[PDB]
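The data below hold one chain only, encoded as structure tokens and taken in the form deposited in one PDB entry.
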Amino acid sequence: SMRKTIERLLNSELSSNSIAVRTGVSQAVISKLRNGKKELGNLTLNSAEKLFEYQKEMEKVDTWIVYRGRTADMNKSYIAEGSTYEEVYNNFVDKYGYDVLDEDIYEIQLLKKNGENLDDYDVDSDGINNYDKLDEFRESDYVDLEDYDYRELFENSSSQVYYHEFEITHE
């Protein structure tokens, strides 16, 4: 855990008790670090990591995502929000349901992520048609969708929502 980051935490206006509660390091240690009775280099690696990780979180850039979707006819508009693409997807389905995005988009994304073949699953605009292979695939061990895959769930979709915009802010 780098000393310069721990020093930024120790020279901060936070109370020694508040640092202790939030990090799990004793107030006694924090106080001795702040008054010079204990040198920072004398901290154990575990406690140094706890202080370093808390200060990194205090300096972490935040992310907020606003999704805007439009139908090809531009009659209907959709808006979903969240700090990750999964939360945006969850907000979208909570607001508009699970039948607005392309059919089986979640499963199709899983198949694409695992190296599977679209021809084998009879993928169609209506949806995956070969259900028996898909049920066997669920029994098969596979890698779960990552956060980026939830963004692709919107972008791979064209049946009802054709226009997809993701506005990101770090404020």
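Superpose the two forms; the largest set of C-alphas matching within 1.5 Å is the rigid core. Note that residue numbering begins at 1 and tracks the sequence as displayed. Shifts are known only where both forms have a C-alpha.
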- prompt: Which is higher in the entry, the mean Cα B factor of 63-71 or that of 117-125?
  reply: 117-125
task: Report the stretch with the higher mean CA temperature factor, choosing between 80-88 and 93-101 on the basis of the entry.
output: 93-101
- prompt: From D132, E39, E57, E49, pick the one with the largest CA B-factor in the entry?
  reply: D132
- request: Divide the modelled residues of the chain into thirds by Cα B-factor and specify which third, lowest, middle or highest, holds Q109.
  value: highest
field: CA B-factor ranking of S31, expressed as a third of its chain
entry: lowest
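A second form of this protein, the form deposited in another entry, is not displayed here; the remarks below concern that form.
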After fitting the core, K50 CA displacement of 2 Å or more between the shown form and the other one: yes
query: With the core lined up, does the C-alpha of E165 move 2 Å or more between the shown form and the other one?
result: no
task: Name, in sequence order, the runs of three or more consecutive residues whose C-alphas all shift 2 Å or more between the shown form and the other one, counting only residues present in both forms and superposing on the rigid core.
output: 1-62, 72-75
